[PDB]
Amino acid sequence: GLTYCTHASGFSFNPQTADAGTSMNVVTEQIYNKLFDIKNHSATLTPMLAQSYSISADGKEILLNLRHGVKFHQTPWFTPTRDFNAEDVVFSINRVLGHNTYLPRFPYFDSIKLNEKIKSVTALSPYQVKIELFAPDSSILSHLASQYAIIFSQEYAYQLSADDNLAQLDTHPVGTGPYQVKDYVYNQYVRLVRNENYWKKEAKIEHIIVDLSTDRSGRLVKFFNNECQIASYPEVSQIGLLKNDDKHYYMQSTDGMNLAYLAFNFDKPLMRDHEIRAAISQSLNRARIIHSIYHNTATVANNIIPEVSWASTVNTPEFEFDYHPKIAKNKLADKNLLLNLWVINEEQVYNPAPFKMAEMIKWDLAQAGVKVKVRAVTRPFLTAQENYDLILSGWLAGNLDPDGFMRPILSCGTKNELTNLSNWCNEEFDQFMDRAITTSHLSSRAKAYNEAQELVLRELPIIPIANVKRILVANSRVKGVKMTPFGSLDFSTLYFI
């Protein structure tokens, strides 16, 4: 038996209804399968519930050849009568599109505008699905390779819709994953059991417990008390107490798309001025923030696309609007500015201490003659929308295709949404973005993505602060631990020595 301790923050049996760029769902990574997986810095489509695929010459039609003999979980709440087929695929994508499921808000898919990408998803055979596209999109299968594109049971959802019970789908799960849900208690624990009739090499550990109960501080406490074999997201100050010399535990870090940033509200006539935006950035000592907030578990970010992305062809050039308080003091002190800085009051994966950082920003800006008034704001209060002049947020993405993170944050389409906190719209940026998905080749795709990044770094719609590392601590008995920038953790590979 194995115990995985993590935060109760962001816990869901459905990453589809979850707010985008906030999590990597460790639970749905085990109980649900996608059609494909992408677990390499080359973005190779690993076949999962789809054995293979082919794209039409015009690029507007994708055909998916689904795996045979795949069965859904046999749980106390559901007992399947048939194998996985085209019907389960058709239901799952049509739900997120907003198309007919034929039964008695998806933040990620809304921000990437899936229904504007997909025309239709239809079953040709029980083991063949046809995807119609409005125009060629080289990002489609990468989005269907993401944590958000899990496949649900059509047989289960038909039975549930028969009694208005479709809410159960997210309370009592049924998937094809290597692990199965046994029992749980919300925000406390999840009890997983190995799926015996799995379509691939079976899970090595029969029983896994996902512990959500303990706080960030007492997580390493529970670990060293040996009631916890893998400890995820530990307290940042506690990391500097740990070592790589120990023969009883080891640490594993990973880089990826885990960005903390500051956005300018472009609904504020002052914030629409490039002069002040470039000066506010020059007033910020982002180097000093990395030590006080992250204690060497982060990189000062002068990029939007991580270096682990196939789209990173730029070797992160010097930032033109980096810390220089003298230039900042001149342009701002004489302007006599007072700005409302909002901070989302929640646990952030890209921010251990968001309010502490908001004080360091309030301090750095006062030196150059800018008055900052920080406000603790809730996620639904912001959704309701003195309005903010600056907001402190970020993005955590496993999908390293910049269509999945740069489009939600800076596109015109998402301007009046929670994803684009800058309320920015640049038709030249949307131009590069659109071009980057009409071309199928990496050379062509990375060129347009670097062009858009270069534009973002000069227009300054956001100030990138940190390149955050996701950390975990594991016991020496535990082998089969592989932390990747592409997703959460695969519990199938875990085993004791």
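The first residue of the shown sequence is 1; numbering continues from there.
- In the comparison with other entries of the same protein, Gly10 is left without coordinates in at least one third of those covering both sides of it.
- Per the compared records, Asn100 is unresolved in at least a third of the other entries whose models span it.
- Counting the deposited residues that fall between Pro76 and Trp77 and carry no coordinates gives zero.
- Unmodelled residues of the deposited sequence between neighbouring positions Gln385 and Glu386 number 4 to 9.
- For the pair 176-184 and 367-375, the record assigns the higher mean C-alpha temperature factor to 367-375.
- Averaged over their C-alpha atoms, the temperature factors of 333-341 and 188-196 are higher for 333-341.
- Within the group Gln147, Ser232, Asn420, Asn296, the record's highest C-alpha temperature factor is found at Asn296.
- The residue among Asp110, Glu347, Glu87, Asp211 whose C-alpha atom has the highest B-factor in the PDB entry is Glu347.
- Among the modelled residues of its chain, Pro352 has a C-alpha B-factor that falls in the middle third according to the deposited record.
- When the modelled residues of the chain are ordered by C-alpha B-factor, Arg407 sits in the lowest third.
- Per-chain ranking of the deposited C-alpha B factor places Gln252 in the middle third.
- Sorting the modelled residues of the chain by their CA temperature factor places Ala50 in the lowest third.
- In this PDB entry, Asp83 carries a Cα temperature factor that places it within the middle third of its chain's modelled residues.
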